[PDB]
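Remarks on the structure that follows.
The first chain written gets the first letter, and so on, giving A, B, C, D, E and F; residue counts start at 1 in each chain.
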Amino acid sequence: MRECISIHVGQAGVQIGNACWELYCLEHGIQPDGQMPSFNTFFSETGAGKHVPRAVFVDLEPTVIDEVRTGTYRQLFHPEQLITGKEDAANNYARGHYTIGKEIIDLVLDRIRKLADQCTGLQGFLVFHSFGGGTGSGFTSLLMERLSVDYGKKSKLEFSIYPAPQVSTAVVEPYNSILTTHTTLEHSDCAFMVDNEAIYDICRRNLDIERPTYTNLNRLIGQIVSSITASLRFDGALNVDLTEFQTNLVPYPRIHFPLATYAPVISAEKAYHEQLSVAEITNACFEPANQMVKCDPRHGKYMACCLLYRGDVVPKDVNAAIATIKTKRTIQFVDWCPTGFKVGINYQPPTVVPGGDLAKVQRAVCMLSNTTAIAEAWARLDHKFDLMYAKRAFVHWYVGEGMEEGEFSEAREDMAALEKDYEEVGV
Amino acid sequence: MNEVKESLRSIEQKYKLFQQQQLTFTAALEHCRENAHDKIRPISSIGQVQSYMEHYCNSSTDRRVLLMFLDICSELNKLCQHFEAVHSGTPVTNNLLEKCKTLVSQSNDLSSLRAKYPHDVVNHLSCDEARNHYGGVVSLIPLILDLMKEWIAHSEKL
Amino acid sequence: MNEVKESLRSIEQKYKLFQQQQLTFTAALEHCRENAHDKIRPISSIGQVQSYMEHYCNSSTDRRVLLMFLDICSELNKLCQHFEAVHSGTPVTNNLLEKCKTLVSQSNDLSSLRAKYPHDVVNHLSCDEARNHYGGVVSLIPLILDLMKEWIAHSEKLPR
Amino acid sequence: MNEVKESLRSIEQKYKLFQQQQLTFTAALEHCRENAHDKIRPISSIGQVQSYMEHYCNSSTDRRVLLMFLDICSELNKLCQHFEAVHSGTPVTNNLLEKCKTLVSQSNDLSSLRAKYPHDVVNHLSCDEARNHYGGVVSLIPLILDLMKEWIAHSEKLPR
Amino acid sequence: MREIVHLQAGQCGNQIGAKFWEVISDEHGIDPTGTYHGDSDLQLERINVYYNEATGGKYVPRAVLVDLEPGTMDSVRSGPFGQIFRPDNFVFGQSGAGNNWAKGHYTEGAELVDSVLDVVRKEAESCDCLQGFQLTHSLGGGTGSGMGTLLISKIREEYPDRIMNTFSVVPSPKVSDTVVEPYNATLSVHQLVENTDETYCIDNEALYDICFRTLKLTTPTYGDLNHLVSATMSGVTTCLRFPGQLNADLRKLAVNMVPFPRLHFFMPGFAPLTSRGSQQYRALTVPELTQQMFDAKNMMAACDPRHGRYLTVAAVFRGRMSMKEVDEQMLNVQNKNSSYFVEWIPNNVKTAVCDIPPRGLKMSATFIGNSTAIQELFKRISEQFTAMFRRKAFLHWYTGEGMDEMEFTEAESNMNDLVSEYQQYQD
Amino acid sequence: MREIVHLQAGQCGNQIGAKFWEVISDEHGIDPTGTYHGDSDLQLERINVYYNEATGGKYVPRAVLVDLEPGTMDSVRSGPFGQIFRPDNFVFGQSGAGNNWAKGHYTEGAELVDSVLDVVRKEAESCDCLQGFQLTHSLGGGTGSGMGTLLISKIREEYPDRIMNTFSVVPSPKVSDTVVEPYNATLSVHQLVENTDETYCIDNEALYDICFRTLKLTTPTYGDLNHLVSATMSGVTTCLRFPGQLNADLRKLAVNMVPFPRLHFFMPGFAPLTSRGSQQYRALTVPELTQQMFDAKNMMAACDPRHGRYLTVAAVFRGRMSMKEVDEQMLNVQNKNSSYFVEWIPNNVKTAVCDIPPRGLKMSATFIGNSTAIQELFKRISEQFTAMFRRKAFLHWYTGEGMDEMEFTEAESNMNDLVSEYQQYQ
């Protein structure tokens, strides 16, 4: 009876969302048409047997949407759920907040209300977007500004393509990221984060694939979400609701930026020689080489750790491994969160896609964890944003499209205030 | 045997080209239906496809796609004749030859034709419009190719 | 059978032309009946059409439309003369050939022919004119063309 | 008999050369599967391997390895035909020759074939590749060679 | 949808644009008649990006070809694709400007452009929302420059909120083809800075080296030299017409690339180049291509990168490959070549990926870059214009035609102030 | 996974290097066209050491060929295997230096080497762990000598931690082929001492002597002497590319035979050479080879061990053989030939065995030597250069090109102090 709504913004939300619902129909045993040869948690149904997924995909430049319109899963989705824009925002937050962001927002807000009327009971929103993107940073920001006005106390989550420190596919990406960490600071309850340079390092040493593409990045990122919201989808011994782990991970209205880390990122030949004990699946989670975001825990202190398991896991060694996890002095914790571990157990094991580059595993583990190691990750990005404003580069488009130049000065102060919050917490 | 394999490879390459140019065939069928105004009547015959190509088709690319479909049908008929020229007789081979001739006939009711894996043309197209009219035309090629492969396997076994 | 197929498109096109000129044809037979004073006799006889054209024709437009109809009859007769010799024979094919020759013969009455759903030529006329006056003449063309499509379907069906 | 034994010795030398170039055959199969994007469907036919070499082979050494494998299979088929061409055959010999024809059939599914001792062809490949990907294609040589040797021994064991 | 019209002018422009359409009709697979015969439905999808639909299955190219001397456009209709272009799209003047900027702008300028403007506005408003403009004019020919600059000036005014991109031919010393290149280029570039968003500069001399050094071409007529110019331009807009794993457009390029409105002069490079005798002798991979990318032999202008710093660098890749390799091999070139990029703009490199490669090729690479060494392409024209003006050389034409000598000094002084702008950010 | 760039300069170096790439193709089975036809996977396992990869199965040699006179490279590319190398590595100058070292160091080759740096940089950056550069040249020809010794000096400044193996034919007393070759010797070995690690001194008179005495071949032209030369460079890396029972890469050898930077000049050899009438009468065993390696006849130098003492000797075997007889026969000759070795270095011989043999021979052996007979070879060079400089003759081609006579006297000091230091350890 419960329902969940997944909103994806930008083409970064498109390729991820194309794989995110690729596994979902593969888990339940769903053909690409939407009919079979627990499904009501995400998917809706038609009385003739067909299934219409309760999801919305938004983009402004259609040639990435045009893959979906004649794709392999063309009939899986809905025609008017996939809103087609006219012209790309093109890495400009002032594009997607004053001119483009104001056209199709009311068309986006109308479709959700049509979906919310179908929602006799809804749990919350899973928002997917990118910091460096044009649509994913502009059109998300005033949507969350408008979704929070329309809805009072509904659950809100975030999965962001966080800027990796070294690799880069954009130049004015720090301006989009700074303009995203201001608006989403005020209203987003949670913000899970990933970065690509972690995945390339992960895809090299773990899957033994020399040449990965974003499809291989889609399959790993897409299965993180599946194990996150498998508890509502499938029954288990100790289920975790969307309202629960947004509350067990957020200490303050401003400190709402967790991480992720997946295990076992393991290939077909490798897992045939490496056992998957209950200890070894979760011991690899705290190893930094498996960390899903490029930062090290040695300058960091953990704040909270929400863990979700799936498959044949016995709850005995869940606690025995976490007890062994707590033993080592090398792992650092603050002195005001000693009992800060969460356990979620789900009955259904994860499944492998046809031709899966991962391993078909009996058991699994995910960790959605906040820490203070991320403060160094913006200890470089703030210096990047202060660097270009000193020579006032790239401003001249932002002024003419509607936002003020003073918003650069004001949102800088919020950037230091968040960092100042991390220092006092992490003492 | 060897010449049958060569003709089968040529038909397979032309069918792969048609699968790459599949959306233009759907556009050709839509334009032919719009020109003929026969929305109620589904396209279910190779003769219907030929008549729509000759009378209700004006685009050069649409005519090229229809000519490709007609050339595929002609190649299937010629391969069916060459199979009889090459082989003498078997029970399964005779039944498969009868089925291939009936499917390659221009008056074959194609509405009951539904292909299987790995022919994902139905999944690539829309099965609402395909189940209305386009599905038989989409799936006639793949079932015929599978039957030809089965007849080649039987000929290899014999 | 390339000449047969070109004849099939030509006969189809002149059938469309005849159905486009359907309304003038009914008035043509109407004043033909008025001139011949044979109001009791239902128009379903090819030889009656021949005599009516040869005698009770007073206008060039009527002369032309009767030319068109009898040319359709004659070219269908030639097509039937090719069809009787082109095929070998099953009982169904013999029934088709016998029905085609029996319809295209001038010696047969055609008053028992009424068209089915694919041809809507019956409903375009007035009540008594479509029911008893010209129903056989109007439905002669759909019956012959339906036999044509049925023969195409059967010849494509039969393995030789 | 004597020419069959000479053909068997030549096939043994050719299989030794193929075993010396065995990793080249595995690399050729991997390259063909990657080029044809058939990473899920295993190659279950010698005709399938020939088609992959025909359409998706670009490396010259890979094409040479595939051509050597197909020529070795052709020589094995020629020897299978020459056994019936030479000897009359007993009932067990006819069963073995039928097994040889079924194994050397191009349309036959070879995914169920696995070698045993002392043939280390299965150990020459990985466990997953032997179980589901290329075990039958790798191990087709040894069981067929053993069947040919058994047929030769049976033909020697026949009285005069 | 979003749409770019193509603009040609002068004898030089019409020869390039005739060859420019020889490749984009090949990539989309178009016969000289005008009827599609390609082997891919993806070509047909975004085929309206350059074309207009027409009855009978025809596709009429949409370009405005303008020349006051009718000798060139006869060879355009005598070209291989002379029967595909629109006969109403050809506007011809009575007398040519005769390699004079003065004759092309004020005297013989207005009497043709208003007949030209009847063609442009009819085509521009015929779409729903136009994306921009793409003009090929040369700074050495008076008919191409002064008439073309007037086309730049007013179509900008007619559509103010729109991007314009120009591919201009800058001169070279050893291929001196017009006496008044220090006059005509000076009289052209002064109005391009104020009133053109994007400017692309191509120089002839290095192309004469490239056909000898890179491809080892034996008999390089202008059919060869325009072809390398032609295919370079096609890769700039390849995502507009084909999908990609990371889609981008011209104004995506602009936002990342241009720090200030007045510093917008670029350099292009095309680089999968390999000589005819080495087709079996080279491997096609990103370690080769990145090494081939920033090599000095493959820039299409008579410049050297070591005399300046690259402010920003953009690149529109194309072909099927692994997303890590560009994300890697654009990173260490920022690392090892540390001084060859600026230090006040972090993450200088801009990357994008298109799906469909051109016919006859496996992978392709395209370069667009702004460098601070470009001031020698301006100060040379500045020192030559002072050499012209000091002995009052060739001023007698402009005095009687209405041009004030103060217009030269206003053009001299403001372009002399601009060369410091490239210089000041260098130091 | 380890790579070597093979620089190849000078007409002698080009002709020697042409046969070098011909044999390692023959040991791996590569046609002149470039289509792989190796009948075994073993050379597929380790091929990236010397070849590179092109699309389609083309294995391109990693050879750079540079020479100031275009006449050789036409004959190089018109050779039996010249249709496979890198045209972009071919950088030919027009004016031959004319056997003058100063021509290759200031005047004409000095401009060309900047283009040579870009070419070797192109080949270097394609790898991840490169051993170093195997450059083949000759001291006799001043085009190879003047340019070549500038290359070692320039690469050493650029790349401090690599290996620098140089195969050069030293000037000979009786096959003196250039009047100014004593000048070309002293001006070149002066750079060979300071900044080169592995140097292989090949003397052609023994190569002339081997074909005369051991082989007795009636018509062995330069296509045949180079065949014997080309085998020895393979034995330098025969354990690098062919895995086996005991493996040793380049610097494993280079550290081992070199006690001090002044002692690094290596006499090479090859060892299964056999007279054509005596294959069937000779038994193929390891003790048969034991006489053959430490035969004085089979060395590639016109030198006598009778004249100087061995310091370090390296003899890598090649074939399927036991380890007993390899140690046991070396125990025999370390016993009996004790006077040849110095008394203060025990365990003189390094033995490494490779299992894979060359095609057409079940077994092979390769010789490296570091004796003190090379001191008199350099001493005879020194006195002739001393006599020539006493008259200050021929210097107008040298002094007329701007270089000064102070470089002559310093090398004359450096030539004697190379071999005077050899005496102290002797």
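For this structure, a couple of remarks:
Heads up, the rule we're going with is that a contact is a pair of C-beta atoms (placed from the backbone, for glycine too) under 8 Å apart; a residue touches a chain by one contact, two chains touch by 3 or more.
Superposing the C-alpha atoms of chain C onto chain D requires a rotation of 55 degrees, rounded to the nearest 5.
Inter-chain centre distance (chain D to chain E, centres taken as mean C-alpha positions): 60 Å. With centres set at the average Cα position, the gap from chain B to chain E is 48 Å.
Between chain B and chain D the centroid-to-centroid distance comes to 36 Å (mean Cα coordinates, whole Å). Shown for chain B are the residues that touch two or more other chains, namely 23. Residue positions of chain A touching 2 or more other chains: there are none.
The residues of chain F that reach two or more other chains are 55-56, 58, listed in rising order. Checking each pair of chains for touch leaves A-B, A-D, A-E, B-C, B-D, B-E, D-F, E-F. Note for the complex: chain E touches chain A at residues 1-2, 45-46, 128-129, 131, 239, 242-249, 251-252, 254-261, 312, 321-325, 327-328, 330-331, 344-352, 425. If you check the complex, the residues on chain B that touch chain C are 47, 54, 98, 101-102, 105-108. The residues of chain A lying in touch with chain B in their complex are 32-33, 70-75. Chain E meets chain F in the complex at residues 275, 277-278, 280-284, 287, 291. Across the complex, chain E meets chain B through its residues 35-37, 39-41, 44, 55-58.
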